[PDB]
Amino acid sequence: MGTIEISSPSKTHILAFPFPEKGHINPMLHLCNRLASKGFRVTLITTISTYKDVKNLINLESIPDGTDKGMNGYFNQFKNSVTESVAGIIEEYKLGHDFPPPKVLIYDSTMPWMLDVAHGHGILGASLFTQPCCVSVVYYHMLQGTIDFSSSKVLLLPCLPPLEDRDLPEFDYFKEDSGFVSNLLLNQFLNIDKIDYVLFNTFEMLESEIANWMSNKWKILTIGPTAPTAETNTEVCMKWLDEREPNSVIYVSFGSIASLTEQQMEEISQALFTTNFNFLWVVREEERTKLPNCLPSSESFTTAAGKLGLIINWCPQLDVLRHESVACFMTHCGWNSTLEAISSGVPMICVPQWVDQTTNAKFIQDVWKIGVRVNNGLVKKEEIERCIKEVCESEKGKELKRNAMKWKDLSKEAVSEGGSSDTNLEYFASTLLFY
């Protein structure tokens, strides 16, 4: 005689709150699906403006965007507003009757003060880093002042390859804002010893040495890629790709924020309109006016080489990357783009722009050996064409593609049963249930 209590995922309530930007929303969202696939109740909290895009099982809550229409004023208003409204949501659910009360807030690692919201409301806090281990450690070392950041400089950090100046995360691009952006990334570590779960969207084999190094300081859980293994304009892009030859398309995307200069846009244009390959070039709506005048939701071309090109304002990038028609990825090397390509086996042309893109480029070409970085800071048509020849028209290109298929298989192994990422995510979920 007596009573039994069962803690299952279905009675455990996970809150998620990403920073409102696609390279932060996207990997959170994938992780919420995986967690829901594991039976938990998952509520994704998101700003009202991102709510729409996102809105197109997983619970969805909206909060006020909390930001009048510079980087700094926007951020302090944001910090202030979302601190209040997320704290309010947590309390809403603690009294609710439908859902279970929340056990843990997963928050983007660029909002470390959300650990205080979570703890200060008596729930666990899980920090999701949306960048690899190797660049995150650089931010930590800059935070610590572990080293000094007519001569060139090379930095030697434990468990990392030598880093040239150009290999460091690029903050100076932001000029008077470099201090804010740099602060934002280093402050990911202000309370690292206090975070209940430290999650990294990466997989162990990709960053063995530095991941183990961070594991001996912090019980970090590498859990990526969060995206599934084998979006606006899906049907359009797949139709066009379905009708191209295999291994014939150069996929070109510079992410969701970066915006190249008129001159740089022209360098790329001339390289792609004269190359021996088809091309699918994402050019965001707001960026379209920076195109060469010689060229609206999409545009179809016959290139001067007699090939075919499609300019479009947004695509399902993951599905493009996994289409047999894609030869290579010309990318700005944001970490989501880099990891999606890794998990798809697509070799890469690296045109890094700022923050962690420069360091990702370093690793893509020199550590993982799955792509080439362009040399500058304007990048000339001729330099783009050299890199296309390297990656798509050369025996080197062929080894690069082999390298990428090896990393893709390792990536699929990591998130499959008994994979290192599958283990870590199961460690997250199982301990969530513990008394």
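We number the residues from 1 along the sequence you see. Here the rigid core means the biggest group of C-alpha atoms that line up within 1.5 Å when the two forms are laid on top of each other.
Between 47-55 and 382-390, pick out the one whose C-alpha positions differ more from the shown form in 6 other deposited structures of this protein, using the rigid core for superposition. It is 47-55 that deviates more in 6 other deposited structures of this protein.
Farther-lying stretch by C-alpha RMS in 6 other deposited structures of this protein (rigid core fit) among 349-357, 73-81: After superposing on the rigid core, the more displaced stretch in 6 other deposited structures of this protein is 73-81.
Are coordinates for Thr146 absent in a third or more of the other compared PDB entries? Missing in at least a third of the others, so yes.
At a threshold of one third of the other compared entries, does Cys294 come out as unmodelled? Per the records, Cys294 goes unmodelled in at least a third of the other entries.
Between neighbours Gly377 and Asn376, residues that the deposited sequence lists but the model omits: 4 to 9 residues lack coordinates between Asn376 and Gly377.
Between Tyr173 and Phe174, determine how many residues of the deposited chain lack coordinates; answer none if the chain runs continuously, otherwise 1 to 3, 4 to 9, or 10 or more. The entry has no unmodelled residues between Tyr173 and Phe174.
Compare the mean C-alpha B-factor of 381-389 with that of 44-52 as given in the PDB entry, and name the stretch with the higher value. It is 44-52 that shows the higher mean C-alpha B-factor.
Hey, which bit's got the bigger mean C-alpha B factor in the entry, 79-87 or 279-287? Mean B over CA atoms: larger for 79-87.
Please pick out which of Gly345, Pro296, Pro158, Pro352 has the largest Cα B-factor as recorded in the entry. Among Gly345, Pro296, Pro158, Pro352, the PDB entry lists the largest C-alpha B-factor for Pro296.
Checking the entry, which one of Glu207, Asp148, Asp319, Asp196 has the top C-alpha B factor? Most elevated C-alpha B-factor of the set, per the entry: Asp148.
CA B-factor placement of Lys11, once the chain's modelled residues are sorted into thirds: Its C-alpha B-factor, which the entry lists for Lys11, ranks in the highest third among residues of this chain.
Within-chain third of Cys315 by Cα B-factor, per the entry: Middle third.
Which third, lowest, middle or highest, does the CA B-factor of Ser136 fall in along this chain? CA B-factor rank for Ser136: lowest third.
Sorting by Cα B-factor within the chain, modelled residues only, which third would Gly309 end up in: lowest, middle or highest? Answer is lowest: the recorded C-alpha B-factor places it there.
What third of its chain's C-alpha B-factors does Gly179 belong to: lowest, middle or highest? Ranked within chain, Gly179 CA B lands in the lowest tercile.
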